Structures are given as structure tokens and as C-alpha cells.
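Peer 1: Structure incoming, see below.
All of the numbers you see were taken from the coordinates with simple rules; none came from a lab. A quick note on method: Cβ atoms are made from the backbone with ideal geometry, for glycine too, and the neighbour counts reach across all protein chains shown.
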């Protein structure tokens, strides 16, 4: 009879979705997760990320 | 500013008769 | 017997073996 | 251990990072798998390091 | 220590991982193919492969 | 419009899709390699890659 | 008892040899008077007879 009296409020709005320009969806400026652009024969990386 | 002088050759457009064409390396 | 910090070659590798430029 | 060389507490290190002038990383220029920091030990792995 | 022409590590890792390019997962065998690439100006010893 | 020496009449694609040559999924990273080839007499801009 | 594999990698450890030195050694070992040779420590024909 006392659980007739109850109150309710909606849950907090929470919006989820990928970041502004896909921020953090690729490793930049990282150790051991550096990108590569290189020759195919040379094999020496021409990208250095600090 | 924050860094942006990374701009084109400071050419002007090539001269023509009838507004447009292509001359390449000429 | 042998141990570390004593593994000395002295000599280099390549520019002694004659090369001359274009 | 200072004088007798009786070290026993070397397994507590988990990284060391060496920089010169705070803009050069000494084992840097690509050498190690993670180039800019030594890692004595890694807990939580995923690259099979 | 010798210097000149004994070591240069201009943006080249001492260890390269190579992930499979083909895989097979049969009951009694697992096959993995790799493309092992040795770049220009590098010599690889196959006694340090595992 | 310029009538010559601005477009090829040869069969050439304006779009190319490079499939991975190797990929491996880790536990929180995904590694994808490609072989990006630029043919003779084709110039590529890296602005237009994604 | 069971076993299953997830991910088999290949790790190859390259010496960071100087580039000129590296390609001096390439020239030498791309010659047929400098062709490498190996042998088994147990060089044998192995036969099981019942």
C-alpha cells in the first residue's frame, strides 16, 4: 500500500559517439605504435613521431 | 601568428586570350 | 680469464678498402 | 648493499627514461620496441612485449 | 671503441615484429606464413629469430 | 578548357582501394599494413587518402 | 588436456650496422666464392627397424 507512493525521475542524458575529428582513434606521438611510411625496398621509415 | 606561412609559390596566373588555357612548363 | 669492457677491435670497417668518388 | 654489493631490490624498477635537455630521448631514434623509455617490466601486456 | 662505419640507427629498430599474412587453424596443425623483409643496407642473422 | 596535356585518355582509375597485406588484432590495438603503390605517370596526393 | 594458439609472432633482431658497411658486405656475399655453407651436427641417415 505504501509502494503506491513512489517517485520517478528520468535517467541523466548520456550521449556517446566518436570524437571531433576521430581524435584518439589512431596513435600519434606514441612509442611502439608509430606509423610507417617507407620505401618498399629501402624499408627505412620516413616518419618519426616525437 | 600560430604557424601558417607554409604557402604557395608567389606567382601570378598565366596570361591568355579568351580567359583560360594550359601552357605547362613553357 | 676474459671479462667485460675489454672486447676491443680498434680497427674500423670500410673506408680503408679503397673507394673513389664520381 | 652499498659496500658489500649485496643488492636484492632490483626487481622493483618498472621504468627508467633518459632524456637530455628535455627534448632528446637517449635510447631514441628508434631502437627499442617502445623507443623513448626503457621498461624493466610490463604488467598488462597485449603486444607480447 | 671503433667509430665511423660501425653503427648507424637512423630511424631503424633493432627488433621488428612480423605478424602472419596467412593462417590456418586445422585440428592437428597451425600454419602461419610471414613476409620476412630485410631492408636495403641491413643484414639479418636467422639465429636471432624466434 | 585546355584540350590536351591535362588528362590521360588511357584506362586509369581515379580511386583505388588497397586491401591490407598483413593485419593483426591485439587486445587494445589493431595493426594494419598496406602496400601503397603509385604507378608510373600517376601522381598521388596524401591529402586524398583516408 | 588441450592446447590452442592465439597469435604466433616472429621477432627478428637486426644489428644496426652502418649503411656503407652493410652494403659492402652485401656485395661480398652476393658472389659464389662467398656462398655460405652449413652442416648438421649429426649428419646421418636414420632408420628404424622393428
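Peer 1: Only one of these conditions is not met by residue E:40: (1) at the interface with another protein chain (Cβ under 7 Å from one of its Cβ atoms); (2) in contact with a strand residue (DSSP E or B) (Cβ under 7 Å, 6 or more places away or on another chain). Which number is it?
Peer 2: Only one criterion in (1) at the interface with another protein chain (Cβ under 7 Å from one of its Cβ atoms); (2) in contact with a strand residue (DSSP E or B) (Cβ under 7 Å, 6 or more places away or on another chain) is unmet by residue E:40, namely (2).
Peer 1: Follow-up. Of the residues A:4, A:25, A:37, only one is without any contact (Cβ under 8 Å) to a residue 12 or more places away in the chain and in contact with a strand residue (DSSP E or B) (Cβ under 8 Å, 6 or more places away or on another chain); which? Explain how you work it out, then say what you get.
Peer 2: On the way: A:4 fails: in contact with a strand residue (DSSP E or B) (Cβ under 8 Å, 6 or more places away or on another chain); A:25 fails: in contact with a strand residue (DSSP E or B) (Cβ under 8 Å, 6 or more places away or on another chain).
Every option except A:37 fails the conditions.
Per-residue answers, yes or no, for (1) closer than 18 Å to residue G:24 by Cβ; (2) touching a helix residue (DSSP H, G or I) at 6+ places or on another chain (Cβ under 6 Å); (3) assigned to a strand (DSSP E or B):
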{"residue": "E:3", "(1), (2), (3)": "yes, no, no"}
{"residue": "E:13", "(1), (2), (3)": "no, no, no"}
{"residue": "E:20", "(1), (2), (3)": "no, no, no"}
{"residue": "E:27", "(1), (2), (3)": "no, no, no"}
{"residue": "E:38", "(1), (2), (3)": "yes, no, no"}
{"residue": "E:41", "(1), (2), (3)": "yes, yes, no"}
{"residue": "E:46", "(1), (2), (3)": "no, no, no"}
{"residue": "E:50", "(1), (2), (3)": "no, no, no"}
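Peer 1: Please go through the stretch G:1-33 and pick out each residue that is within 30 Å of residue E:24 (Cβ to Cβ) and either more than 9 Å from chain E (Cβ to nearest Cβ) or in a strand (DSSP E or B) (or both).
Peer 2: We begin by selecting, within the stretch G:1-33, every residue within 30 Å of residue E:24 (Cβ to Cβ); these are G:1-14.
G:1, G:2, G:3, G:6, G:10, G:11, G:12, G:13, G:14 - these are the residues of the stretch G:1-33 that are within 30 Å of residue E:24 (Cβ to Cβ) and either more than 9 Å from chain E (Cβ to nearest Cβ) or in a strand (DSSP E or B) (or both).
Peer 1: From the list A:8, A:42, which residue is assigned to a loop (DSSP other than H, G, I, E, B), within 11 Å of chain E (Cβ to nearest Cβ), over 25 Å from the mean Cα position of the chain (by Cα) and more than 18 Å from residue F:32 (Cβ to Cβ)?
Peer 2: Values: A:8 fails: within 11 Å of chain E (Cβ to nearest Cβ).
Every option except A:42 fails the conditions.
Peer 1: Quick one: residue F:21 ticks every box in (1) closer than 30 Å to residue G:7 by Cβ; (2) free of Cβ contacts under 8 Å to residues at least 12 places away in the same chain except a single one, so which number is it?
Peer 2: Answer for residue F:21: the failing condition is (2).
Peer 1: Here are the criteria: (1) free of Cβ contacts under 8 Å to residues at least 24 places away in the same chain; (2) within 25 Å of residue B:20 (Cα to Cα). Tell me which single one residue F:42 does not satisfy.
Peer 2: Going through the list (1) free of Cβ contacts under 8 Å to residues at least 24 places away in the same chain; (2) within 25 Å of residue B:20 (Cα to Cα), residue F:42 breaks only (1).
Peer 1: Would you please name the residue that is surrounded by the most Cβ atoms within 10 Å (Cβ to Cβ), looking only at residues in the stretch F:12-36 that are over 18 Å from residue E:32 (Cβ atoms) and within 14 Å of chain D (Cβ to nearest Cβ)?
Peer 2: Here is the first cut: in the stretch F:12-36, the residues over 18 Å from residue E:32 (Cβ atoms) are F:12-19, F:27-30, F:34-36.
Okay, now just the ones that are also within 14 Å of chain D (Cβ to nearest Cβ), so F:27-30.
Details: F:27: 10, F:28: 8, F:29: 12, F:30: 8.
Per the stated criteria, the residue is F:29.
For (1) within 14 Å of chain F (Cβ to nearest Cβ); (2) out of contact with any strand residue (DSSP E or B) (no Cβ under 9 Å at 6 or more places or on another chain); (3) on the phi > 0 side of the Ramachandran plot, each residue gets a yes or a no:
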position: D:8; (1), (2), (3): no, yes, no
position: D:17; (1), (2), (3): no, no, no
position: D:20; (1), (2), (3): no, yes, no
position: D:24; (1), (2), (3): no, yes, no
position: D:29; (1), (2), (3): no, yes, yes
position: D:38; (1), (2), (3): no, no, no
position: D:41; (1), (2), (3): no, yes, no
position: D:45; (1), (2), (3): yes, yes, no
position: D:48; (1), (2), (3): yes, no, yes
